[PDB]
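**Q** The structure's right below; bear with me while I get my questions together.
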Ligand code: SF4
Ligand code: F3S
């Protein structure tokens, strides 16, 4: 599985969904997650993230290990997103800000 981590929160560009062949992204108010059973690990999405928030499961940073299980949890509850949309209004003010997990919305 590929994993979306911290920097997608409050940025949510959705460029990553374009490239996904199996459509395993699920959409939350201000973050996207990859469904881990569905992802085929083609790695096509992680060049496409402007926030460079996607990581192969085995490359997730040590301080972001939470995100692996979070993507699994939330994929189960959020709706499937299959088309790109506009980025969140203030997306590049938040791009690169750290600790954005306290801002996640369910
Ligand atoms: S690694 Fe390939 S199948 Fe997995 S979520 Fe990324 S674009 Fe979709
Ligand atoms: S910021 Fe989030 S919505 Fe796709 S493009 Fe990058 S993972």
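Note that chain A carries Swiss-Prot numbering, so the residues on display, from first to last, are 2-107.
Technique stated in the header: X-ray crystallography, 2.1 Å.
Placed from the backbone N, Cα and C atoms, the Cβ positions cover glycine too.
Marked as [3Fe-4S] cluster binding site by Swiss-Prot: 9, 17, 50. As annotated by Swiss-Prot, [4Fe-4S] cluster binding site applies to 21, 40, 43, 46. Residues annotated as compositional bias 'Basic and acidic residues' in Swiss-Prot: 96-107. The feature domain '4Fe-4S ferredoxin-type 1' is assigned by Swiss-Prot to 2-30, with sequence analysis given as support. Per Swiss-Prot, the feature domain '4Fe-4S ferredoxin-type 2' maps to 31-60; the stated evidence is sequence analysis. For 84-107, the entry in Swiss-Prot reads region 'Disordered'.
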**Q** Would you identify which of the binding-site residues 9, 40, 50 has the most other C-beta atoms lying within 10 angstroms of its C-beta?
**A** 9
**Q** For ligand 2, which among the binding-site residues 9, 17, 21, 40, 50 have a CB under 6 Å from it?
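**A** If the test is a Cβ under 6 Å from any atom of ligand 2, the answer is 9, 17, 50.
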**Q** When you tally the Cβ atoms that lie within 10 Å of each candidate's Cβ, which of the binding-site residues (17, 43, 46) has the highest tally?
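**A** Within the set of binding-site residues, the most crowded position is 17.
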**Q** Residue 50 ([3Fe-4S] cluster binding site): which of the binding-site residues 21, 40, 43 is the nearest Cα neighbour?
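**A** That would be 21, the closest of 21, 40, 43 to residue 50 ([3Fe-4S] cluster binding site).
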**Q** C-alpha of residue 43 ([4Fe-4S] cluster binding site) to C-alpha of residue 17 ([3Fe-4S] cluster binding site): distance in Å?
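**A** Cα to Cα, residue 43 ([4Fe-4S] cluster binding site) and residue 17 ([3Fe-4S] cluster binding site) are separated by 12 Å.
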**Q** Can you break down the domain '4Fe-4S ferredoxin-type 1' (2-30) into helix, strand and coil residue counts using DSSP?
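**A** Counting residues by DSSP class gives 7 helix, 7 strand, 15 coil.
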**Q** When the Cα of residue 9 ([3Fe-4S] cluster binding site) is compared with the Cα of each of the binding-site residues 21, 40, 46, which one is closest?
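**A** Given the candidates 21, 40, 46, the nearest one is 46.
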**Q** In angstrom units, rounded to an integer, how far apart are the Cα atoms of residue 46 ([4Fe-4S] cluster binding site) and residue 17 ([3Fe-4S] cluster binding site)?
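**A** Distance (Cα to Cα, whole Å): 5 Å.
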**Q** For the C-alpha pair, I'd like the distance in angstrom between residue 40 ([4Fe-4S] cluster binding site) and residue 17 ([3Fe-4S] cluster binding site), rounded off.
**A** 13
**Q** Inside 10 Å of the Cβ of residue 21 ([4Fe-4S] cluster binding site), count up the other Cβ atoms and send me the figure.
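**A** Taking every protein chain into account, the count is 20.
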